[PDB]
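What follows is one structure encoded as structure tokens, with my remarks underneath.
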Amino acid sequence: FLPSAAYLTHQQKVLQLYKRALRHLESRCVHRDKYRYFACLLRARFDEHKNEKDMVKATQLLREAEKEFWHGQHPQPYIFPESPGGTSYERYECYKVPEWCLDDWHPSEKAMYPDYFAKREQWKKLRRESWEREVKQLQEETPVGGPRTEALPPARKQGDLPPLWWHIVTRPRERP
Amino acid sequence: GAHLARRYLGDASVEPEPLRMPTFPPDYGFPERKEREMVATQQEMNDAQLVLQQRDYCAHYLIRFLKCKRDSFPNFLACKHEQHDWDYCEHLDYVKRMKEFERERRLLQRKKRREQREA
Amino acid sequence: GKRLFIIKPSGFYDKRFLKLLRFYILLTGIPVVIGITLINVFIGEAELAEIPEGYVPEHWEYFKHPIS
Amino acid sequence: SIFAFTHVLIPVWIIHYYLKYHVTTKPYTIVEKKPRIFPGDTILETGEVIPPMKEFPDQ
Amino acid sequence: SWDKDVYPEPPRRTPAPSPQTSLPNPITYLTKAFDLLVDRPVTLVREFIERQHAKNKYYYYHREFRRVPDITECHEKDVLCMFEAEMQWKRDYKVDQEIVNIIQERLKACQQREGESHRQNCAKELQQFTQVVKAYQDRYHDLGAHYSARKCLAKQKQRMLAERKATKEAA
Amino acid sequence: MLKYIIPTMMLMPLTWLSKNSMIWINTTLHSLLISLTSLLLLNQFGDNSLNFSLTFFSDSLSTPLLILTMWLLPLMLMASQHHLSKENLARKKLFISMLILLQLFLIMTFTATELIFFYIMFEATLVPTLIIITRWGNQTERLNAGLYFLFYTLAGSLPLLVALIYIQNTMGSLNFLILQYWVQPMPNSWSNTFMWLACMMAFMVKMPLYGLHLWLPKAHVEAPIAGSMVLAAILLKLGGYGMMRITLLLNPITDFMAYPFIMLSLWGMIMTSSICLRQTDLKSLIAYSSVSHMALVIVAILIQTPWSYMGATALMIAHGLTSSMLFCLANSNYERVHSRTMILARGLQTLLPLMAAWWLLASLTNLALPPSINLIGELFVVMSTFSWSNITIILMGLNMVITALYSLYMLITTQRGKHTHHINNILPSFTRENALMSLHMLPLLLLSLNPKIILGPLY
Amino acid sequence: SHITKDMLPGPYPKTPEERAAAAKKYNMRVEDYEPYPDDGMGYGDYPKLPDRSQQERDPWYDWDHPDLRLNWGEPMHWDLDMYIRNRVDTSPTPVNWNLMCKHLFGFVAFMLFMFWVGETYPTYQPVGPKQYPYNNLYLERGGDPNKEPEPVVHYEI
Amino acid sequence: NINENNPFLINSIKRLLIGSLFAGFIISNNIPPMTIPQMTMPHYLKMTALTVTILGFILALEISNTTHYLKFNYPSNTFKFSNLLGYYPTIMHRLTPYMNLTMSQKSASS
Amino acid sequence: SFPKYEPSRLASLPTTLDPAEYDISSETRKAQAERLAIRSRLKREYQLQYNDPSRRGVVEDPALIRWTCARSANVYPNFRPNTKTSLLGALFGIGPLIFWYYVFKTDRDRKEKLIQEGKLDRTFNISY
Amino acid sequence: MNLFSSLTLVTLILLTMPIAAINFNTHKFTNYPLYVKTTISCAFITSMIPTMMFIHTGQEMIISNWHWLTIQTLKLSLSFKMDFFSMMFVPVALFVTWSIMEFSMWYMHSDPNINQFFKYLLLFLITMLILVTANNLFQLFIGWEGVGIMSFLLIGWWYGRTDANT
Amino acid sequence: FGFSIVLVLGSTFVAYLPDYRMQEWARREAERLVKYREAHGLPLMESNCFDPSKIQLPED
């Protein structure tokens, strides 16, 4: 369930296991120095059988490693206050008013803010002028009838903006 | 305490069951020992609007403590010795209740083992 | 440089409806409050007299407050 | 100064006007649990003593 | 005003506090300041308003009724007899509900005046409360929402006939 | 009452020979003047009712419902543009005149002296609502909804006429006083049981109770806002009004025969409050809410306590106001996004900052907020039913818990947390919608100050 | 403006045409399409999914609808109103489920059992009654002012 | 950027520490006695409050000095029982939202 | 050292220990690739209907409309009354109703018999 | 008694004027936190006095007025009293909430929705005060569900954050 | 004509009017009648609101 590929990798799965076990050992192990000791012990335990030339033995050790990890996890791991489940986790989703709005104002409030609305007008002209031919030709020129991936190509032909940029550039500041 | 351990581990008789306390009657070994003065003047005890379950023995000291505490208010720490005296009189009341307890206990133990071992 | 443009959606219609609501309630809120106050401070409520001998009241003169 | 003026004078005036006349012309209205009187006092209203308690001893 | 014999009040009992020691007494200064800042101006305002009231003179009278005879003297159908009968009964019902309201307010006032000793000088009012409310429970209670007057007289007949059978068994 | 009948007639050719873009102002202004004149009625005193003829008379049950009808007319007549403002002048005038004629038969029905006249004006109220919801239903099953509405309400309501003719020619006339002052008990035979089942089952259809309630939600989700609000508020509370009047006869047999209807109403109140917790189709939640609250009303009517009748009429009036307003907010959100669903139109705390106050205040008047009239009604019904039996208060409080749960879920679903950021058509809130919300809420709070009006006959 | 044949009458049979139509219609893989089956509980031919799907779907994929975990073209499992975050979280628990309910019900049974053992076996300090002066504090109980003067006295010990 | 050079914060904390030092005694002393104070306890019934709090401090300080060590002991499920908020929130909030709504879709809805 | 992690209907089986993810067929690789193709085509069509500056209204998600008409109107077809459907219908529809009806009959008969004897606490029971 | 009843009623009535300030606002304030803090300070400094009179004399009281729906044998008014608990609790709550007004000037300074926050929190104080003054049990029920729903709103202050509205 | 002449004038109209359903008349009449029945010995609210002189029971 990832945008660029279908399966992660074997190495990617071992690597996610390593980051999750190291994070849970952070949360388990306070005072940071016994943490550093146990983290180097874990790094050594990965080093002792990292260089095995098989593949079914690699997935064997991976599967038993998930067993002996899920035995020893921590109930409330220290997740950061931006991660899902965290303390904040879009705390300031109260104030992410999107920018398809702000055009439905009365013109007196538009007369209070001259320069920002003039520059929004020139950005909106830049959106409307460079939408049809360039973006739709690059989106209906390079793909096959099945796209088979979600990475979209940059604009490297001659000039202007990359395709499908508007609701990725004009997103809110995430600390308004 | 220790009375609880004796009452829940030993026999059923010689430790008396509470809240059914008068088992032997009074004046069993008293004869002519009773004062029960009660100098509290019940009508004026009604007049000072006391709480129920305070209209008891050692309540005149409560009346005096309430009187001095009302009559000298902005001294936050005015009445100490009369409140101490009221605590002392309630200590005398608690001692008297404990005396009633162990009176009925010793009567029950000695007299009932006398009767039910020499019957 | 420290200040930035903050985004809030369209407070003008909010303020216009709120101003019109308070004004067109208080257009005859204050005159009626002045009217009822001048009544019950400059006309009297009533007294509680008994019915006099050989006399009839109507269907008013049974009620305390004079606007009632 | 003006804040304490308006908010400890105007609602106090409005409520204390409200509580004398309307409130105490309605009969069963504001009622107070009576002051306790003690056997050494004297009644302020009419003027007569309350008899003191008797002798203390055996404490 | 009000009659002192329908909403009764016991006489006042107020002590004279004898201060033992001398701090003295913040609330005495504060109540004198309260008198001078509140008691004088509201009295002057009320006296002005009372002079403006007593310039003219309104009067409201109390509405009074007669005694239309009975429901026991009305016939089979006779709708212009039962009408006056049942409206007279319904006005008795309203004024009797307010009798119950007066007695229950007396019970509340006896609770709050007598303080933390409830059972002193509230036995008489609780006695008359249980008396009048026993009368109400006997007389108006178990008839429901579509009372007109006739279910009350049916309850009257049924109750006295049952007590007639009870005293016949008691004979 | 003729002074209220005849200007309702005279307000109809107003709409015809007023010119283009001037029918609106004249009808709104004159119906609001009718609302003031309606509020001048409230004279009713003490001993008797008031008689505005041998043809018209008003109990104190009928007074707040009548003022509710003549107050809900101009609110609706303003509420029903922007989905027919682009339509024709003739069809627009026909719609407005249809609402005026429906008001006329509702006034006919609420000041009905005779029960025969009450039945005729009952189904005369039934007539124009089918035409309204079918011609402007704006969905594809409006035919099914109007047809189920018609045949349910007739086929339940119809042997009621036969029972009323039988009472007409076995006891003389059917004025409510001479039906009263003469009513004799009717013993536990079987023909009396069928007469009771005919009358009470006709109104059971009209409320509805649980076994007959799928009548309602199609007729609300597949109907315009005018037919929805009039249908819910005035037609269901008119059915309750009718049961209140006709239950004065048949005094002894209701104890014998009125247990299973209490049962079906209670258990279906619980099941209906449970079914409106998990649905989509935002309009339908208020419909099943109305089914739950009128099942509570039915329990309140069939037990026969004065506390129960006071709580019943208070619950009727408060729920009529609340459910009509909440229908109107649902139509406002549907005009914002052409969805009718619930999980789509998310966000709306950030955008539309003032609409949150009306959603919250309507959801709290549906929550039984404690100084409001809704909790006054529900509280007296709970008191009376715990006097009925010591065990049935569990179902009442479980209804209370689930009612708070689904109402506040309906709040925090549509209008809490994240705009879906692909909507980008919603405009800021008009003055019209907020004027409608202020016309709904402010009479309810001002009755919450002084509810001696809306408590009915047994005040 | 919507096709009448994008709704869903009838169950799975027959196997080539209706399964091909449902797989093209629900944007699903052919072997991933599963009807319920047709036990007659309604349900049409709406697919069966792995049924939990909302405390999964790790939130760093950055799909369209962020607080719904949908992606505009998923078949939207039949019980989704019961499955949103703020309704039901079927996360993989840190312990178990059966072992959890065993420990909880055993602990609640132990606490109520020890409360019953307490309620049959109280503690008390060694102390008689509270002795009340005037006839077990008569005339300040329920009343009867002249009916029952009950003779009971206390003695000093 | 740890910061308390701040008027309102130190005023509020100041006002409530002045509160929680004196106002407990000021409130708890000048009230009319509406009950009978016990005041006659044996030994080890009045001392027992301070005794239990001191033995608790010794117990927690030795747990702290074992936290100073480095052993990494596995949990033994009483750690889980005290760590997962008790099993009551997880068990009840996964059962009773699932049971009521499973019986709402099958029985009530469809 | 593992208690094998028994699953339930509420404790979901996590993505780590399946353990069917660790013995892989090539057809599962083909399935994951085609599933990625389906989601990529759906996101491509959505993003092209999403960033048009001329577009004003909503995007008209067909899966949501399909689910809504599947959940509301398309329950009644298809349906046949089976033994399971009739049994569960008469169980959930009539059973608890007749149970609470039995207990209300029991409580009302006890209460009316008890006040026919008259030994209730209606010494004052005014607000009935 | 004049002073005792009048000062209890003005301690109740000072917590209605800032709601009038936001309702009749029409030109948005900036010192509205300062206004709410100083009116809570004034409410405490008028709530200290009748408690001092209570300990100094005794003299408990009830007030009861404006009866609405006096229908059957019962009648219910706005009826609230001050006894031992009922006015020994109120200055503590006002003092605590005035310190929280200080700390919520500071902590919530950087969020531009502060006025609606102090509106909600003042209304919450009003409802809990109505709960701790009343003797009519229906008025206790009013204070009960009112503090329940203000607790709902103040828990779900941060919209977004599905943990909060859960 | 929906607020300034309807809502506020309706509030003043049904704010006070004649005593609806005869409440304050019932207060004053009950005050007078309780004063009478307490000043004349008999218990207030004698039961049997219809006089048993004016009743005729069917015999047995």
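If you're wondering about the labels, chains in the structure tokens are A, B, ... by order shown, residues count from 1 in each chain, ligands from 1 in order shown.
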
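Neighbours of stretch 249-264 of chain F closer than or equal to 7 Å, with only C-alpha atoms counted and sequence neighbours fewer than 2 positions away skipped, come out as residues 183, 185, 186, 187, 188, 210, 246, 247, 266, 267, 268 and 299 of chain F; 97 and 101 of chain I.
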
Counting only C-alpha atoms, give me one row per residue of chain E with an atom at most 10 Å from an atom of chain G, showing the shortest contact pair and its distance in Å to one decimal, sorted by chain then residue number, as a tab-separated table.
```
residue	atom	partner	partner_atom	distance
E:117	CA	G:140	CA	7.5
E:118	CA	G:140	CA	8.1
E:119	CA	G:140	CA	5.8
E:120	CA	G:140	CA	7.3
E:123	CA	G:143	CA	7.4
```

Can you check which parts of chain H lie within 9 Å of chain G? Per residue, the shortest pair of atoms and distance in Å to one decimal, counting only C-alpha atoms, sorted by chain and number, as CSV.
```
residue,atom,partner,partner_atom,distance
H:77,CA,G:95,CA,8.6
H:80,CA,G:95,CA,8.0
H:81,CA,G:103,CA,8.5
H:84,CA,G:94,CA,8.7
H:86,CA,G:104,CA,8.3
H:87,CA,G:104,CA,6.4
H:88,CA,G:104,CA,7.3
H:90,CA,G:93,CA,8.7
H:91,CA,G:101,CA,7.2
H:93,CA,G:88,CA,7.7
H:94,CA,G:88,CA,6.6
H:97,CA,G:88,CA,6.6
H:98,CA,G:88,CA,7.2
H:101,CA,G:82,CA,6.9
H:102,CA,G:82,CA,8.5
H:105,CA,G:79,CA,8.3
H:106,CA,G:41,CA,8.6
H:110,CA,G:42,CA,7.5
```

Residues of chain K within 6 Å of chain E, counting only C-alpha atoms - could you list those as JSON, numbers by chain? {"K": [26, 30, 35, 47]}

Those same residues - C-alpha atoms - I'd like them written as a PDB file, in the first residue's frame.
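File written: part_3.pdb
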```pdb
ATOM      1  CA  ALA K  26     -57.127  31.450  42.614  1.00  0.00           C
ATOM      2  CA  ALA K  30     -57.502  30.727  48.482  1.00  0.00           C
ATOM      3  CA  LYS K  35     -58.186  32.841  56.514  1.00  0.00           C
ATOM      4  CA  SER K  47     -63.487  16.168  52.638  1.00  0.00           C
TER       5      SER K  47
END
```

If you count only C-alpha atoms, which residues fall within 8 Å of stretch 14-16 of chain C, apart from same-chain ones fewer than 2 positions away, as JSON, numbers by chain? {"C": [10, 11, 12, 18, 19, 20], "F": [353, 354, 429], "J": [26]}

Please produce an output containing N, CA, C and O atoms for each residue in the selection, written as a tab-separated table (two decimals), in the first residue's frame.
```
chain	number	residue	atom	x	y	z
C	10	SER	N	-14.59	35.14	5.05
C	10	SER	CA	-15.74	35.97	4.69
C	10	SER	C	-16.56	36.41	5.90
C	10	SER	O	-17.71	36.02	6.09
C	11	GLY	N	-15.94	37.25	6.73
C	11	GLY	CA	-16.64	37.74	7.91
C	11	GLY	C	-17.66	38.83	7.65
C	11	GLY	O	-18.38	39.23	8.58
C	12	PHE	N	-17.76	39.31	6.41
C	12	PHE	CA	-18.61	40.45	6.10
C	12	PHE	C	-20.09	40.10	6.21
C	12	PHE	O	-20.88	40.90	6.72
C	18	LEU	N	-25.47	40.25	11.63
C	18	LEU	CA	-25.50	40.51	13.06
C	18	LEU	C	-25.91	41.95	13.35
C	18	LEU	O	-26.73	42.20	14.25
C	19	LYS	N	-25.39	42.90	12.56
C	19	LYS	CA	-25.73	44.30	12.73
C	19	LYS	C	-27.19	44.56	12.39
C	19	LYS	O	-27.89	45.28	13.11
C	20	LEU	N	-27.69	43.93	11.32
C	20	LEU	CA	-29.10	44.10	10.97
C	20	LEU	C	-30.02	43.46	11.99
C	20	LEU	O	-31.09	44.01	12.29
F	353	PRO	N	-18.84	30.36	9.36
F	353	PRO	CA	-18.57	30.36	10.81
F	353	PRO	C	-19.80	30.55	11.66
F	353	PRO	O	-19.81	30.13	12.82
F	354	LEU	N	-20.86	31.15	11.12
F	354	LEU	CA	-22.05	31.42	11.90
F	354	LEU	C	-23.01	30.24	11.93
F	354	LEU	O	-23.80	30.12	12.88
F	429	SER	N	-22.95	32.24	3.95
F	429	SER	CA	-24.35	32.06	4.30
F	429	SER	C	-25.16	33.31	4.03
F	429	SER	O	-24.75	34.42	4.39
J	26	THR	N	-20.81	44.38	18.26
J	26	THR	CA	-20.99	45.06	16.97
J	26	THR	C	-19.73	45.80	16.48
J	26	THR	O	-19.64	46.20	15.32
```

Could you check how far atom CA of residue D:2 sits from atom CA of residue J:29, in Å to one decimal?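 Between atom CA of residue D:2 and atom CA of residue J:29 the gap works out to 17.6 Å.
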
Write out as a tab-separated table a residue-level contact list of chain J versus chain A with cut-off 10 Å: for each qualifying residue the closest pair of atoms and the distance in Å to one decimal, counting only C-alpha atoms, rows sorted by chain and residue number upward.
```
residue	atom	partner	partner_atom	distance
J:111	CA	A:176	CA	9.3
J:112	CA	A:95	CA	9.5
J:113	CA	A:94	CA	9.8
J:157	CA	A:94	CA	9.2
J:158	CA	A:94	CA	6.4
J:159	CA	A:94	CA	5.6
J:160	CA	A:93	CA	5.4
J:161	CA	A:90	CA	6.2
J:162	CA	A:89	CA	9.4
J:163	CA	A:85	CA	8.3
J:164	CA	A:91	CA	9.9
```

Do me a favour and pick out the residues of chain I within 8 Å of chain H, using only C-alpha atoms, as an MDAnalysis selection string. chainID I and resid 10 75 89 92

Let me see the file: selected residues, N, CA and C atoms, as a PDB file, in the first residue's frame.
```pdb
ATOM      1  N   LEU I  10     -12.243  -8.506  16.767  1.00  0.00           N
ATOM      2  CA  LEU I  10     -11.962  -7.131  17.140  1.00  0.00           C
ATOM      3  C   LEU I  10     -10.481  -6.823  17.227  1.00  0.00           C
ATOM      4  N   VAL I  75     -31.920  -2.772  -0.915  1.00  0.00           N
ATOM      5  CA  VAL I  75     -31.950  -3.827   0.086  1.00  0.00           C
ATOM      6  C   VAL I  75     -33.186  -4.667  -0.183  1.00  0.00           C
ATOM      7  N   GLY I  89     -36.338 -12.784  11.922  1.00  0.00           N
ATOM      8  CA  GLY I  89     -37.319 -11.713  11.947  1.00  0.00           C
ATOM      9  C   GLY I  89     -38.312 -11.853  13.083  1.00  0.00           C
ATOM     10  N   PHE I  92     -36.207 -11.183  16.484  1.00  0.00           N
ATOM     11  CA  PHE I  92     -35.898  -9.797  16.819  1.00  0.00           C
ATOM     12  C   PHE I  92     -37.103  -8.867  16.780  1.00  0.00           C
TER      13      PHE I  92
END
```
